[PDB]
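Listing of data24.cif, mmCIF, N, CA, C and O atoms
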data_structure
loop_
_atom_site.label_atom_id
_atom_site.label_comp_id
_atom_site.auth_asym_id
_atom_site.auth_seq_id
_atom_site.Cartn_x
_atom_site.Cartn_y
_atom_site.Cartn_z
N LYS A 290 0.60 10.44 23.69
CA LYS A 290 0.06 11.36 22.71
C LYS A 290 -0.72 10.60 21.66
O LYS A 290 -0.16 10.14 20.67
N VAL A 291 -1.97 10.40 21.93
CA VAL A 291 -2.88 9.82 20.98
C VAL A 291 -4.11 10.68 20.92
O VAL A 291 -4.57 11.21 21.95
N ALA A 292 -4.58 10.90 19.74
CA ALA A 292 -5.76 11.69 19.53
C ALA A 292 -6.96 10.78 19.51
O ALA A 292 -6.83 9.58 19.17
N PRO A 293 -8.15 11.28 19.89
CA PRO A 293 -9.39 10.53 19.78
C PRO A 293 -9.73 10.33 18.30
O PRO A 293 -9.01 10.81 17.42
N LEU A 294 -10.81 9.64 18.02
CA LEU A 294 -11.17 9.39 16.66
C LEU A 294 -11.67 10.65 15.96
O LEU A 294 -12.84 11.07 16.10
N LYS A 295 -10.74 11.27 15.29
CA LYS A 295 -10.93 12.46 14.52
C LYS A 295 -10.10 12.29 13.27
O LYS A 295 -9.30 11.35 13.18
N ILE A 296 -10.28 13.15 12.31
CA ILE A 296 -9.49 13.13 11.11
C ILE A 296 -9.46 14.53 10.51
O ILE A 296 -10.47 15.25 10.55
N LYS A 297 -8.29 14.95 10.11
CA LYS A 297 -8.07 16.22 9.44
C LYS A 297 -7.97 16.00 7.95
O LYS A 297 -7.64 14.89 7.51
N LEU A 298 -8.29 17.00 7.18
CA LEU A 298 -8.09 16.89 5.75
C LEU A 298 -6.99 17.85 5.35
O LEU A 298 -7.11 19.06 5.54
N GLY A 299 -5.91 17.30 4.85
CA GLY A 299 -4.82 18.10 4.41
C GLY A 299 -3.87 18.39 5.52
O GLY A 299 -3.11 17.51 5.93
N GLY A 300 -3.94 19.59 6.03
CA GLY A 300 -3.05 20.00 7.07
C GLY A 300 -3.65 19.80 8.44
O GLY A 300 -4.75 19.24 8.58
N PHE A 301 -2.94 20.26 9.44
CA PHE A 301 -3.35 20.10 10.83
C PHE A 301 -3.32 21.45 11.52
O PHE A 301 -2.58 22.36 11.08
N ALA B 557 -44.57 -4.88 30.82
CA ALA B 557 -44.25 -5.92 31.79
C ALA B 557 -42.89 -6.53 31.47
O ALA B 557 -42.18 -7.03 32.35
N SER B 558 -42.55 -6.50 30.22
CA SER B 558 -41.29 -7.01 29.76
C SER B 558 -40.83 -6.21 28.56
O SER B 558 -41.61 -6.02 27.62
N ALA B 559 -39.59 -5.72 28.61
CA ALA B 559 -39.00 -4.99 27.50
C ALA B 559 -39.02 -5.86 26.25
O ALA B 559 -38.64 -7.04 26.30
N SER B 560 -39.47 -5.31 25.16
CA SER B 560 -39.66 -6.06 23.93
C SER B 560 -38.34 -6.25 23.17
O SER B 560 -38.29 -7.04 22.22
N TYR B 561 -37.31 -5.53 23.61
CA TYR B 561 -36.01 -5.51 22.96
C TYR B 561 -36.17 -5.02 21.56
O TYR B 561 -36.27 -5.78 20.58
N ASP B 562 -36.27 -3.75 21.50
CA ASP B 562 -36.59 -3.03 20.31
C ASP B 562 -35.44 -2.98 19.37
O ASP B 562 -34.31 -2.65 19.76
N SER B 563 -35.71 -3.34 18.17
CA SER B 563 -34.75 -3.29 17.14
C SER B 563 -35.25 -2.26 16.17
O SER B 563 -36.26 -2.47 15.47
N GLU B 564 -34.59 -1.18 16.13
CA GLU B 564 -35.05 -0.05 15.41
C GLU B 564 -34.37 0.12 14.09
O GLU B 564 -33.42 -0.59 13.74
N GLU B 565 -34.86 1.08 13.36
CA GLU B 565 -34.35 1.40 12.06
C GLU B 565 -34.19 2.93 12.01
O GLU B 565 -34.53 3.61 11.02
N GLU B 566 -33.70 3.47 13.10
CA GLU B 566 -33.47 4.88 13.21
C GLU B 566 -32.07 5.21 12.76
O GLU B 566 -31.14 5.16 13.56
N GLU B 567 -31.91 5.50 11.49
CA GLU B 567 -30.62 5.85 10.92
C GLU B 567 -29.97 6.98 11.68
O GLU B 567 -28.88 6.85 12.24
N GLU B 568 -30.68 8.05 11.77
CA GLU B 568 -30.21 9.27 12.41
C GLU B 568 -30.48 9.24 13.91
O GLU B 568 -30.48 10.29 14.56
N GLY B 569 -30.70 8.07 14.47
CA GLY B 569 -30.98 8.00 15.88
C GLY B 569 -30.30 6.85 16.58
O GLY B 569 -30.45 6.68 17.79
N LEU B 570 -29.55 6.08 15.84
CA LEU B 570 -28.86 4.96 16.42
C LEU B 570 -27.47 5.34 16.88
O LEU B 570 -26.79 6.16 16.25
N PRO B 571 -27.04 4.83 18.03
CA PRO B 571 -25.69 5.03 18.49
C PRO B 571 -24.73 4.20 17.66
O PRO B 571 -24.93 2.99 17.46
N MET B 572 -23.71 4.83 17.15
CA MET B 572 -22.74 4.16 16.32
C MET B 572 -21.60 3.67 17.15
O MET B 572 -21.15 4.36 18.08
N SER B 573 -21.14 2.50 16.84
CA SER B 573 -20.10 1.85 17.58
C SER B 573 -18.76 2.47 17.20
O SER B 573 -18.65 3.10 16.15
N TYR B 574 -17.76 2.29 18.06
CA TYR B 574 -16.42 2.81 17.79
C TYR B 574 -15.89 2.19 16.51
O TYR B 574 -15.22 2.85 15.73
N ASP B 575 -16.27 0.94 16.29
CA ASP B 575 -15.91 0.21 15.08
C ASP B 575 -16.50 0.87 13.84
O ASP B 575 -15.81 1.06 12.83
N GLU B 576 -17.77 1.26 13.94
CA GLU B 576 -18.47 1.95 12.88
C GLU B 576 -17.83 3.28 12.60
O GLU B 576 -17.53 3.61 11.46
N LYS B 577 -17.58 4.03 13.66
CA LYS B 577 -16.94 5.34 13.57
C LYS B 577 -15.55 5.20 12.93
O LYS B 577 -15.13 6.03 12.11
N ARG B 578 -14.83 4.16 13.32
CA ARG B 578 -13.52 3.83 12.77
C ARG B 578 -13.63 3.65 11.27
O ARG B 578 -12.87 4.25 10.51
N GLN B 579 -14.61 2.85 10.84
CA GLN B 579 -14.84 2.61 9.43
C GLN B 579 -15.20 3.86 8.70
O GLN B 579 -14.73 4.07 7.61
N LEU B 580 -15.97 4.70 9.34
CA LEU B 580 -16.36 5.99 8.79
C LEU B 580 -15.15 6.83 8.41
O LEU B 580 -15.11 7.42 7.33
N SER B 581 -14.16 6.84 9.27
CA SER B 581 -12.97 7.60 9.02
C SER B 581 -12.21 7.00 7.83
O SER B 581 -11.62 7.71 7.03
N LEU B 582 -12.26 5.68 7.71
CA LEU B 582 -11.60 4.98 6.63
C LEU B 582 -12.32 5.25 5.33
O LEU B 582 -11.70 5.57 4.33
N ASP B 583 -13.64 5.17 5.37
CA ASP B 583 -14.49 5.37 4.21
C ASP B 583 -14.40 6.77 3.68
O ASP B 583 -14.46 6.99 2.48
N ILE B 584 -14.24 7.72 4.57
CA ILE B 584 -14.05 9.10 4.18
C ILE B 584 -12.70 9.28 3.48
O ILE B 584 -12.61 9.98 2.47
N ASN B 585 -11.67 8.60 3.97
CA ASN B 585 -10.37 8.68 3.32
C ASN B 585 -10.36 7.88 2.03
O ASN B 585 -9.50 8.07 1.19
N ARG B 586 -11.32 6.99 1.90
CA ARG B 586 -11.53 6.22 0.67
C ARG B 586 -12.12 7.11 -0.43
O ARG B 586 -12.05 6.77 -1.63
N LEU B 587 -12.70 8.22 -0.04
CA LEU B 587 -13.28 9.14 -0.99
C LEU B 587 -12.23 10.11 -1.51
O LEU B 587 -11.33 10.52 -0.76
N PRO B 588 -12.28 10.46 -2.79
CA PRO B 588 -11.41 11.47 -3.35
C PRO B 588 -11.90 12.87 -2.92
O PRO B 588 -13.06 13.02 -2.50
N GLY B 589 -11.04 13.87 -3.05
CA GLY B 589 -11.36 15.23 -2.62
C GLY B 589 -12.64 15.78 -3.24
O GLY B 589 -13.38 16.52 -2.60
N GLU B 590 -12.89 15.36 -4.47
CA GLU B 590 -14.07 15.73 -5.24
C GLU B 590 -15.36 15.33 -4.50
O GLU B 590 -16.38 16.03 -4.53
N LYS B 591 -15.31 14.20 -3.83
CA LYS B 591 -16.46 13.68 -3.14
C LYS B 591 -16.42 14.02 -1.66
O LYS B 591 -17.46 14.12 -1.00
N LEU B 592 -15.22 14.25 -1.17
CA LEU B 592 -15.00 14.70 0.19
C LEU B 592 -15.70 16.02 0.44
O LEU B 592 -16.18 16.27 1.53
N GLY B 593 -15.79 16.83 -0.61
CA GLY B 593 -16.45 18.11 -0.53
C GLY B 593 -17.86 18.03 0.02
O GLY B 593 -18.29 18.91 0.78
N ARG B 594 -18.58 16.96 -0.31
CA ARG B 594 -19.92 16.81 0.18
C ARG B 594 -19.93 16.42 1.63
O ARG B 594 -20.66 17.02 2.41
N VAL B 595 -19.08 15.47 2.01
CA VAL B 595 -19.06 15.02 3.39
C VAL B 595 -18.67 16.16 4.33
O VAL B 595 -19.20 16.28 5.43
N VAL B 596 -17.79 17.05 3.84
CA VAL B 596 -17.40 18.25 4.58
C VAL B 596 -18.66 19.09 4.88
O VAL B 596 -18.90 19.45 6.03
N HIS B 597 -19.49 19.31 3.85
CA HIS B 597 -20.70 20.12 4.00
C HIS B 597 -21.71 19.45 4.91
O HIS B 597 -22.42 20.13 5.67
N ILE B 598 -21.74 18.13 4.87
CA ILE B 598 -22.63 17.34 5.71
C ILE B 598 -22.31 17.60 7.18
O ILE B 598 -23.21 17.78 8.01
N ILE B 599 -21.03 17.65 7.49
CA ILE B 599 -20.59 17.93 8.84
C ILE B 599 -20.91 19.37 9.19
O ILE B 599 -21.51 19.63 10.22
N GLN B 600 -20.56 20.30 8.29
CA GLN B 600 -20.78 21.75 8.49
C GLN B 600 -22.21 22.09 8.78
O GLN B 600 -22.49 23.08 9.46
N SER B 601 -23.11 21.27 8.27
CA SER B 601 -24.53 21.41 8.49
C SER B 601 -24.83 21.43 10.00
O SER B 601 -25.66 22.22 10.46
N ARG B 602 -24.13 20.61 10.76
CA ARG B 602 -24.32 20.60 12.19
C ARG B 602 -23.19 21.35 12.87
O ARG B 602 -23.41 22.11 13.80
N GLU B 603 -22.00 21.16 12.37
CA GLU B 603 -20.79 21.64 12.99
C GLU B 603 -20.38 22.97 12.44
O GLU B 603 -19.87 23.09 11.32
N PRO B 604 -20.57 24.01 13.23
CA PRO B 604 -20.20 25.34 12.83
C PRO B 604 -18.75 25.62 13.23
O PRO B 604 -18.18 26.66 12.92
N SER B 605 -18.17 24.65 13.89
CA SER B 605 -16.83 24.65 14.33
C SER B 605 -15.90 24.33 13.15
O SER B 605 -14.78 24.81 13.08
N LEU B 606 -16.41 23.54 12.21
CA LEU B 606 -15.69 23.24 11.00
C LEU B 606 -15.70 24.50 10.14
O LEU B 606 -14.67 24.93 9.66
N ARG B 607 -16.89 25.09 10.00
CA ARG B 607 -17.09 26.38 9.29
C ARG B 607 -16.19 27.48 9.86
O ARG B 607 -15.80 28.40 9.16
N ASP B 608 -15.93 27.38 11.15
CA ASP B 608 -15.05 28.30 11.87
C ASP B 608 -13.61 28.23 11.32
O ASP B 608 -12.89 29.23 11.30
N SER B 609 -13.24 27.07 10.85
CA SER B 609 -11.94 26.84 10.29
C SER B 609 -12.03 27.00 8.76
O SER B 609 -13.03 27.53 8.23
N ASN B 610 -11.01 26.58 8.07
CA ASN B 610 -10.98 26.66 6.62
C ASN B 610 -11.53 25.36 6.08
O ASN B 610 -11.15 24.30 6.56
N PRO B 611 -12.40 25.41 5.04
CA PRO B 611 -13.05 24.21 4.45
C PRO B 611 -12.05 23.26 3.77
O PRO B 611 -12.40 22.17 3.31
N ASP B 612 -10.82 23.72 3.68
CA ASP B 612 -9.70 22.94 3.19
C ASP B 612 -9.42 21.79 4.15
O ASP B 612 -9.01 20.69 3.76
N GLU B 613 -9.71 22.06 5.39
CA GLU B 613 -9.54 21.11 6.46
C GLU B 613 -10.90 20.54 6.84
O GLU B 613 -11.87 21.28 7.03
N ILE B 614 -10.99 19.24 6.91
CA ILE B 614 -12.19 18.62 7.39
C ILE B 614 -12.05 18.51 8.91
O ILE B 614 -10.94 18.24 9.45
N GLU B 615 -13.08 18.81 9.59
CA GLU B 615 -13.10 18.74 11.01
C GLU B 615 -14.16 17.76 11.43
O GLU B 615 -15.34 17.99 11.23
N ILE B 616 -13.73 16.64 11.95
CA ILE B 616 -14.64 15.62 12.39
C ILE B 616 -14.24 15.17 13.76
O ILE B 616 -13.04 14.99 14.04
N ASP B 617 -15.19 15.06 14.62
CA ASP B 617 -15.02 14.42 15.90
C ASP B 617 -16.13 13.44 16.07
O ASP B 617 -17.28 13.79 16.25
N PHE B 618 -15.80 12.18 15.99
CA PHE B 618 -16.81 11.12 15.98
C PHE B 618 -17.43 10.89 17.36
O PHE B 618 -18.31 10.04 17.52
N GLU B 619 -17.00 11.64 18.34
CA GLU B 619 -17.48 11.47 19.69
C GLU B 619 -18.60 12.43 20.04
O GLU B 619 -19.64 12.00 20.54
N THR B 620 -18.43 13.70 19.77
CA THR B 620 -19.45 14.66 20.10
C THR B 620 -20.45 14.88 18.96
O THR B 620 -21.46 15.57 19.14
N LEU B 621 -20.17 14.29 17.81
CA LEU B 621 -21.11 14.30 16.71
C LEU B 621 -22.32 13.45 17.01
O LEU B 621 -22.22 12.39 17.66
N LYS B 622 -23.45 13.91 16.55
CA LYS B 622 -24.71 13.21 16.75
C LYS B 622 -24.95 12.24 15.60
O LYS B 622 -24.42 12.45 14.49
N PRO B 623 -25.75 11.16 15.85
CA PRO B 623 -26.13 10.14 14.84
C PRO B 623 -26.66 10.76 13.55
O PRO B 623 -26.46 10.21 12.48
N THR B 624 -27.27 11.91 13.67
CA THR B 624 -27.87 12.62 12.57
C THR B 624 -26.83 12.98 11.53
O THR B 624 -27.05 12.83 10.33
N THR B 625 -25.72 13.43 12.01
CA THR B 625 -24.65 13.80 11.17
C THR B 625 -23.80 12.58 10.82
O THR B 625 -23.53 12.32 9.65
N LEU B 626 -23.40 11.82 11.85
CA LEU B 626 -22.54 10.64 11.68
C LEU B 626 -23.06 9.66 10.64
O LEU B 626 -22.33 9.24 9.73
N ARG B 627 -24.33 9.35 10.74
CA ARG B 627 -24.95 8.41 9.85
C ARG B 627 -25.08 9.00 8.46
O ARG B 627 -25.01 8.28 7.48
N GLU B 628 -25.24 10.31 8.38
CA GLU B 628 -25.40 10.98 7.10
C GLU B 628 -24.07 10.91 6.34
O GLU B 628 -24.04 10.76 5.10
N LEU B 629 -22.96 11.00 7.10
CA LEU B 629 -21.61 10.86 6.54
C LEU B 629 -21.50 9.47 5.95
O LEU B 629 -21.15 9.29 4.78
N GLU B 630 -21.87 8.48 6.79
CA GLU B 630 -21.84 7.07 6.43
C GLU B 630 -22.65 6.83 5.18
O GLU B 630 -22.18 6.25 4.23
N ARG B 631 -23.85 7.33 5.21
CA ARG B 631 -24.84 7.17 4.16
C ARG B 631 -24.31 7.65 2.83
O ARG B 631 -24.58 7.07 1.80
N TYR B 632 -23.50 8.66 2.88
CA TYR B 632 -22.95 9.22 1.70
C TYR B 632 -21.77 8.39 1.23
O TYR B 632 -21.73 7.97 0.06
N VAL B 633 -20.82 8.16 2.14
CA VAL B 633 -19.63 7.39 1.82
C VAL B 633 -20.00 6.00 1.31
O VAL B 633 -19.47 5.55 0.30
N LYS B 634 -20.97 5.37 1.96
CA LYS B 634 -21.39 4.04 1.60
C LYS B 634 -22.08 4.01 0.25
O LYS B 634 -21.99 3.03 -0.48
N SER B 635 -22.77 5.09 -0.10
CA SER B 635 -23.38 5.18 -1.41
C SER B 635 -22.31 5.26 -2.52
O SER B 635 -22.49 4.75 -3.63
N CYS B 636 -21.17 5.86 -2.19
CA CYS B 636 -20.08 6.03 -3.13
C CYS B 636 -19.22 4.77 -3.20
O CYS B 636 -18.67 4.43 -4.26
N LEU B 637 -19.11 4.09 -2.10
CA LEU B 637 -18.25 2.93 -1.99
C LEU B 637 -19.00 1.64 -2.24
O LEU B 637 -18.50 0.55 -1.92
N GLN B 638 -20.17 1.75 -2.82
CA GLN B 638 -20.94 0.58 -3.21
C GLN B 638 -20.21 -0.15 -4.32
O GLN B 638 -20.15 -1.36 -4.31
N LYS B 639 -19.64 0.64 -5.25
CA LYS B 639 -18.64 0.18 -6.25
C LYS B 639 -19.09 -0.93 -7.22
O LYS B 639 -19.53 -2.03 -6.82
N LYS B 640 -18.93 -0.66 -8.50
CA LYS B 640 -19.12 -1.68 -9.51
C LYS B 640 -17.92 -2.63 -9.46
O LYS B 640 -16.89 -2.38 -10.10
N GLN B 641 -18.06 -3.63 -8.61
CA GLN B 641 -17.05 -4.64 -8.27
C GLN B 641 -17.62 -5.40 -7.09
O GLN B 641 -17.53 -6.61 -6.99
N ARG B 642 -18.19 -4.63 -6.18
CA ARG B 642 -18.87 -5.15 -5.02
C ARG B 642 -20.29 -5.48 -5.43
O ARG B 642 -20.83 -6.53 -5.10
N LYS B 643 -20.88 -4.56 -6.16
CA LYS B 643 -22.15 -4.80 -6.76
C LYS B 643 -22.03 -4.69 -8.28
O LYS B 643 -21.94 -3.61 -8.83
N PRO B 644 -21.91 -5.82 -8.97
CA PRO B 644 -21.85 -5.84 -10.41
C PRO B 644 -23.26 -5.75 -10.99
O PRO B 644 -23.73 -4.64 -11.29
#

Full structure transcribed into structure tokens:
Amino acid sequence: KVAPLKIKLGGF
Amino acid sequence: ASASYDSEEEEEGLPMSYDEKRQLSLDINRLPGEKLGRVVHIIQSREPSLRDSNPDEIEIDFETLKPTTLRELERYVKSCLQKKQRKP
């Protein structure tokens, strides 16, 4: 379980 | 007859390396929410998928994003992270 290069701000 | 090995200056047209993209994510987290607001809009400009969600959440995918957007994110973050310390 690894996500690609992304980023969330705050929540998911 | 022979490729000249073009070295370009296409900001919005250059392929960004995974390393660059990695830094981008770091540089964005280096920005406070006040400044994050702009980078969010920069993405939304191309990404209507972010707009689809709540602007409270930033939606970035450094893979399917185009140089036009990616570099614009960079361009902004880097302008903010120039810092009076790095450049006195």

Within 6 Å of chain A, which residues of chain B show up when using all atoms listed in the file, listed as a compact mmCIF listing (two decimals) with N, CA, C and O atoms, in the coordinates of the input?
# COMPACT_ATOMS: atom_id res chain seq x y z
N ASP B 612 -10.82 23.72 3.68
CA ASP B 612 -9.70 22.94 3.19
C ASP B 612 -9.42 21.79 4.15
O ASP B 612 -9.01 20.69 3.76
N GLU B 613 -9.71 22.06 5.39
CA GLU B 613 -9.54 21.11 6.46
C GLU B 613 -10.90 20.54 6.84
O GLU B 613 -11.87 21.28 7.03
N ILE B 614 -10.99 19.24 6.91
CA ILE B 614 -12.19 18.62 7.39
C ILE B 614 -12.05 18.51 8.91
O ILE B 614 -10.94 18.24 9.45
N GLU B 615 -13.08 18.81 9.59
CA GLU B 615 -13.10 18.74 11.01
C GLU B 615 -14.16 17.76 11.43
O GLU B 615 -15.34 17.99 11.23
N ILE B 616 -13.73 16.64 11.95
CA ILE B 616 -14.64 15.62 12.39
C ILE B 616 -14.24 15.17 13.76
O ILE B 616 -13.04 14.99 14.04
N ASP B 617 -15.19 15.06 14.62
CA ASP B 617 -15.02 14.42 15.90
C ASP B 617 -16.13 13.44 16.07
O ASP B 617 -17.28 13.79 16.25
N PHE B 618 -15.80 12.18 15.99
CA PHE B 618 -16.81 11.12 15.98
C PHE B 618 -17.43 10.89 17.36
O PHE B 618 -18.31 10.04 17.52
N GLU B 619 -17.00 11.64 18.34
CA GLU B 619 -17.48 11.47 19.69
C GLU B 619 -18.60 12.43 20.04
O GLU B 619 -19.64 12.00 20.54

| request: Enumerate, as a PyMOL selection string, the protein, DNA and RNA residues whose atoms approach (-20.8, 15.7, 8.0) to within 7 Å, taking into account all atoms listed in the file and the coordinate frame of the file. | output: chain B and resi 594-602+615+625-626+628-629

| request: Write out as number ranges by chain the residues lying within 8 Å of residue B:569, counting all atoms listed in the file and excluding same-chain residues fewer than 5 positions away. | output: B: 622-625, 627

| Straight-line distance linking atom CA of residue B:610 with atom CA of residue B:591, stated in Å to one decimal | 17.1 Å

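For the pair atom N of residue B:559 and atom C of residue B:571, the separation is 21.0 Å.
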
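Relative to atom O of residue B:562, atom O of residue B:635 is found at 27.2 Å.
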
Emit chain A of the structure in the block as a file comprising C-alpha atoms, as a JSON list (two decimals), in the first residue's frame.
[["chain", "number", "residue", "atom", "x", "y", "z"],
["A", 290, "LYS", "CA", 0.00, 0.00, 0.00],
["A", 291, "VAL", "CA", 1.91, 2.91, -1.35],
["A", 292, "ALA", "CA", 0.42, 5.83, -3.13],
["A", 293, "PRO", "CA", 2.01, 7.50, -6.18],
["A", 294, "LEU", "CA", 3.41, 10.99, -5.85],
["A", 295, "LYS", "CA", 0.36, 12.89, -4.76],
["A", 296, "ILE", "CA", -0.43, 15.01, -1.76],
["A", 297, "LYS", "CA", -3.65, 15.89, 0.04],
["A", 298, "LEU", "CA", -4.26, 19.04, 1.98],
["A", 299, "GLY", "CA", -5.83, 18.49, 5.32],
["A", 300, "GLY", "CA", -7.97, 15.45, 5.15],
["A", 301, "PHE", "CA", -8.10, 12.48, 2.84]]
